[PDB]
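Next comes just one chain, in structure tokens: the form deposited in one PDB entry.
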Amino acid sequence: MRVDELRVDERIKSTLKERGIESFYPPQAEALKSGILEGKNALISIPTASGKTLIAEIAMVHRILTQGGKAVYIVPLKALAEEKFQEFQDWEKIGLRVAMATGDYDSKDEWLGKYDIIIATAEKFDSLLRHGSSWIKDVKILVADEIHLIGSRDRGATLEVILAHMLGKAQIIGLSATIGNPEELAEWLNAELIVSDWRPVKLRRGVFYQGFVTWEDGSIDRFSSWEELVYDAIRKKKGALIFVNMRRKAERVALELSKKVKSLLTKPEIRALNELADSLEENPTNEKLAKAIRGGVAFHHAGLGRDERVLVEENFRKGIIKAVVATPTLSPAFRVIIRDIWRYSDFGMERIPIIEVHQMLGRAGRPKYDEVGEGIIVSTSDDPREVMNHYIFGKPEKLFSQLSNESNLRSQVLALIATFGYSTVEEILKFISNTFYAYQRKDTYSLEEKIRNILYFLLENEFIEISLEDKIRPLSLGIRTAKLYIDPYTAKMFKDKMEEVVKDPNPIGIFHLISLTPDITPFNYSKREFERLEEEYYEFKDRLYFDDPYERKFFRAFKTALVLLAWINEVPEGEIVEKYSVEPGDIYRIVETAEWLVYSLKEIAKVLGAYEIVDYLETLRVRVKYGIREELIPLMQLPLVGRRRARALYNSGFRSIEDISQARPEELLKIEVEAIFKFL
């Protein structure tokens, strides 16, 4: 279909044409003629290579221009909201304001009312719905990207919940990978179903087994080693993406490949890569990343800060970095190699889900540069036919509502009571009746039981109250916990230990307490280091708020408190990565969450009259945020600074914002500006 053949405002067609887009893919055409332009809901299951977002953008912009109102675009992760935020920019060229909201849970962000397209994660949007933001009533369409993740245990319940509140109140468009139960999901959504595997660039999938690649079509090709697939890609002027199941694994493989890929690079490429590696922030994890980039290959996993991941992401696009070895969580190229089909799980090593293996292979074949994309699954100790039959011809897993997730369900039952007006068991059960859990007609009895037991726990801890008529009402602790977005249990742990906190409020005691609640995943420790951890604990137990571990979460929480303490004590990131065996990306993630939990602890204190420690906690909140000593807090409002600069400034001079408001710029570059002078 032709962009002009579409029945939508010229302002959409203009934007498209400017994007290079002149014609719609067959799948896109089907979706655009299904009824979405006329407000109907839809579930779009087609290859990512086939422009799923584009269809959502067109449906969103058409909804807005033709009838006003707002459009919500739910993204799976914070970082994916920034990618969607950029590609949505050119919509401001026709007057549409685009906002990005992904955190700061305890606010209603009424300031979002002046926007047309709001990008958010499901949790952020779930919290906004709890605060009752006035503009929410203006959302006429909501797009759920990666809607299949609704079947993911971790956070699939949150996505299901917002989709349950919004259904029948707004147009809903879901974007998902191929799944086992398309019709089921579509029906629950009362949506038009668009299922297709049409792609712009032919994809050939195979299995590499002992020197040979066997393609689904039947042919067999010789390759001395799987890594040869990479070197072959590179010699034909293309690139490769390699997937492994463990960080250190990605790091090892990346370096190994770079050892042979380097000899495959032109002189210019070598320079850029070298300039690229020299331009990386010092620390152990970047050291490795540097060494392999100089060789033309890169690794990528959550262990790297977001800054480094982006650097890899773009330079791979720019064709400078020839290959990228990446782990699944937070990851187009001629060849996509899936090096591992087995992954270490909390359930014990298991095979990567079919659904995920298809998404990985789907990234093979850049629409312009290639006449075909190749997806290769490497089996080391696995029957080649079984791998082929399971991953290339096996129906993808069907999605299962992950609503029963006890942590999400206790936080959600409370949200209904304290922020949505549910005052009866039967009312709560009515909300559940509208979820995908209910539509799948899954375990009904066991869910009720889990809900009554939850109500009890909530009743026993004073978040809510119940009467002899069985009427439920929220108490301040209830309401306050629901608006802070914390797990009722972390509020319960905050409430139980509050007396201990006020008796002796200290970083170690605090950092350890929050690192032990359900809203934070504590750093891991090895058999080796559990040595010191043991001694230090018994050495500091006085400052903690707990009697005696006797247990694994405990010391993981304690290890985390030591990292956090080093963080606020301005210890070099490098020194922390070393002296604690932790990678930068984990530090930030943990710092980010810590700031949020210390804030929530302060707020809970406010609700329990414990106001004397509120200042202390507020102070600690900022220190955790920027990882800085108390006397560096004023200087943090500046454009940029971070613990590094801020310290250099305070010591080598300045201490206030007025102090920088009157320093010879000559005296700043003398150690540290453009942004700063720009800020003033």
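For the two forms, the rigid core is made up of the largest set of C-alpha atoms that agree within 1.5 Å on superposition. In this text, residue numbers run from 1 along the sequence as written.
- The stretch of deposited sequence separating residue 331 from residue 332 contains 4 to 9 residues lacking coordinates in this entry.
- Stretches 141 to 149 and 466 to 474 differ in mean CA B factor, with 466 to 474 having the higher one.
- When 381 to 389 is weighed against 78 to 86, 78 to 86 comes out higher, by mean CA B-factor as recorded in the entry.
- Within the listed group 529, 126, 116, 504, the record reports its top CA B-factor for 529.
- The residue among 441, 97, 339, 358 whose C-alpha carries the highest B-factor in the deposited model is 358.
- Annotation for residue 296: CA B-factor lies in the lowest third of the chain's modelled residues.
- Compared with the other modelled residues of the chain, the Cα B-factor recorded for residue 452 ranks in the middle third.
- The deposited CA B-factor of residue 535 belongs to the highest third of values across its chain.
- In the deposited entry, the Cα temperature factor of residue 110 places it in the lowest third of its chain's modelled residues.
- Sorting the modelled residues of the chain by their CA temperature factor places residue 644 in the highest third.
FYI, the form deposited in another entry isn't displayed, but the following is about it.
- Superposed on the rigid core, the two forms differ between this form and the one not shown by 2 Å or more at the C-alpha of one listed residue only; from 469, 460, 154, 314 that residue is 469.
- A movement of the C-alpha atom of residue 526 reaching 2 angstroms or beyond is seen between this form and the one not shown when the two forms are aligned on their rigid core.
- Once the rigid core is used as the reference frame, the Cα position of residue 22 differs between this form and the one not shown by less than 2 Å.
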